Structures are given as C-alpha cells and as structure tokens.
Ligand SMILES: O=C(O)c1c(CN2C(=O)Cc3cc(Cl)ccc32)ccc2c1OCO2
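One chain is shown next in structure tokens, namely the form deposited without the named molecule.
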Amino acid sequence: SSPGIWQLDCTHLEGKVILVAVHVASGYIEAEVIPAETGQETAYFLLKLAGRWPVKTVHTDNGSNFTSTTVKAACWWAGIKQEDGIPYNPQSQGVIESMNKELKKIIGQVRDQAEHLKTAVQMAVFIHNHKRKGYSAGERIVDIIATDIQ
C-alpha cells in the first residue's frame, strides 16, 4: 500500500555515512549522519522514522540490514514490514543514484554554511523536501497520507 512504503538508502561523504529514508510515492526524505552503518544505528533510525510517519513497509538498503536481528527487532517493535530492496523495477536503481547525486550537490552548495556535516545534510534535506518540481515532496507526502486516512 503505497502511502506507507519507504526505501532505505546509504551513501558516503567525508569518511562518514549518510543514511536516508525515502518515501517512495512522494520523494520526501529523512536523513542522518552516522560514523558507520550498523544494525543498531539503522534500527534507531527506523524507530525515529516510524514515530513520525505511518511506516507500513521498509525496503532495506542492503542484505546486512535485511539480515540484522536488531533491525528485524526494531521493525517488529514499530509495526514495520521489513522487506528486501531488490530493484524488480530497474528504474529504482537510477532514481536512488540520481537522488544521491542531487543530495551531494546540495550539500556542496551549503557546505561552507556550517562546520559539521550533519548540519549541511539537514540543510540539504530541507531544500530537497521544499523544492517545487507544481508541488514539493513535503506537500506530496502529506496529501498522499491524508487521502489514505480519509
């Protein structure tokens, strides 16, 4: 059910990991900076996400997070269906690749406005979610979910 479907995505910058959750139907994102991708960090990130949005399904970003018992436990706790992230639709690869490139571009555009990478990443999340393509991703997610509630 597409209002509740999210995709995890892991990218790297400045020797750190940027963990991203994408709301598939809207393109809305949440993101955080962590030193390395672990099951515990991924689990915590998903717990945060599901407290904020009605997360029904998460397509994990790799096999390690799919396998992780801690991630499975977080998904159990938060009522999330944990699924693999095999791109059965080949367009998905491209969309995520394109998103990572866009995010890194925005981070470069703001990078001197903050000392810490985490701040620049949150500026990039802000800009991404507010950009009108006409609706923004932030508007699209709210509309999609509200329509589903009604």
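Residues carry their position along the shown sequence, with the first being 1.
Below, we turn to the form deposited with the named molecule bound, even though it does not appear here.
In the deposited bound form, the named molecule sits within 4.5 Å of a heavy atom belonging to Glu102.
The named molecule is not drawn, but in the deposited bound form it has no heavy atom within 4.5 Å of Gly85. For the chain shown alone, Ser98 is a contact residue for the named molecule in the deposited bound form, at least one non-hydrogen atom being within 4.5 angstroms. Residues of 10-31 lying near the named molecule in the deposited bound form, listed in sequence order, are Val22, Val24, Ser26, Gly27, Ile29, the criterion being any heavy atom within 4.5 Å.
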